[PDB]
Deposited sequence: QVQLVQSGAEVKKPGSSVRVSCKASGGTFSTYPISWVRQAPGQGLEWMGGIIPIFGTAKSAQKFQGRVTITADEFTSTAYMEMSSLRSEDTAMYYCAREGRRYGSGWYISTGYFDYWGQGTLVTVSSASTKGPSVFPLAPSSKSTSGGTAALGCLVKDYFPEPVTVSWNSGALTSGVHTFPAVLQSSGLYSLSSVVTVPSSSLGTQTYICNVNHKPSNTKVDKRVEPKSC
């Protein structure tokens, strides 16, 4: 029942610094190695470093030395990654990853065996400012498709649920597009019975954490 829960996505200006947190629950924290692994959008995994809290020992890849600090708070069961002088190439999903085993003192920090992962934290390095999304309904008229269009937001990510999580079957939330305006837009669709169009409620719940915004949009059938 070990769980790694990471802090929320954010945007940071170039040259500033970021702190990502990962709280570990449901098991021993101090004796297990913890690593940080980042993934640029559409790119591969890259190991940043790791720490064994009880030993006070740490190790980072050389490209991250002097710029990345990995720490641990044993009393709150929380690992931390801190990155200074942020560049746009630091835009990535940052993952907390616990080692699948422990090592004796004087041995390895991590050998690359990771059992539990955090959910990931999207850090976007940009000088553009956040802006909340604009949610519009895609109304329906067998089965019928409906959805909502989440328009003109920055940065990524946006999460979409339906009926507060009670509607997941038949749901597809598309990848966002980068419009020429520099803002993001996506759609989320669901196919539903047409007999249910007059009675069942369909509400799309959009969360944009970088703007701390939540938008509920009711999607009603068009009767014109």
property: Deposited positions lacking CA coordinates; result: 142-147
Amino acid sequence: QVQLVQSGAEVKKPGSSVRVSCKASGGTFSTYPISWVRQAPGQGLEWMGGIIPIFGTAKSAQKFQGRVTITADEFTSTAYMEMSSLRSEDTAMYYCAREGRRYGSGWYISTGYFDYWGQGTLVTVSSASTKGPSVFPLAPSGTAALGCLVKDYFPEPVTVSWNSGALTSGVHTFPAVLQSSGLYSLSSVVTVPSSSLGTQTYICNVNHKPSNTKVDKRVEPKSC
From here on, numbers count along this sequence of modelled residues.
{"property": "Of 35-43 and 190-198, the stretch whose C-alpha atoms average the higher B-factor in the entry", "result": "190-198"}
{"property": "59-67 set against 46-54, stretch whose average Cα temperature factor tops the other in the entry", "result": "59-67"}
{"property": "Identity of residue with top Cα B-factor, from 127, 121, 124, 105", "result": "127"}
{"property": "Among 97, 93, 81, 145 - the residue whose C-alpha B-factor is largest in the record", "result": "145"}
{"property": "Residue 21 by Cα B-factor - lowest, middle or highest third of the modelled chain", "result": "lowest"}
{"property": "Record-listed C-alpha B factor of residue 159: chain third", "result": "lowest"}
{"property": "Ranked against its chain, the third holding the CA B-factor of residue 141", "result": "highest"}
{"property": "Chain third (lowest, middle, highest) by recorded CA B-factor, residue given as residue 6", "result": "middle"}
{"property": "Residue 134 - which third its CA temperature factor falls in, relative to the rest of the chain", "result": "highest"}
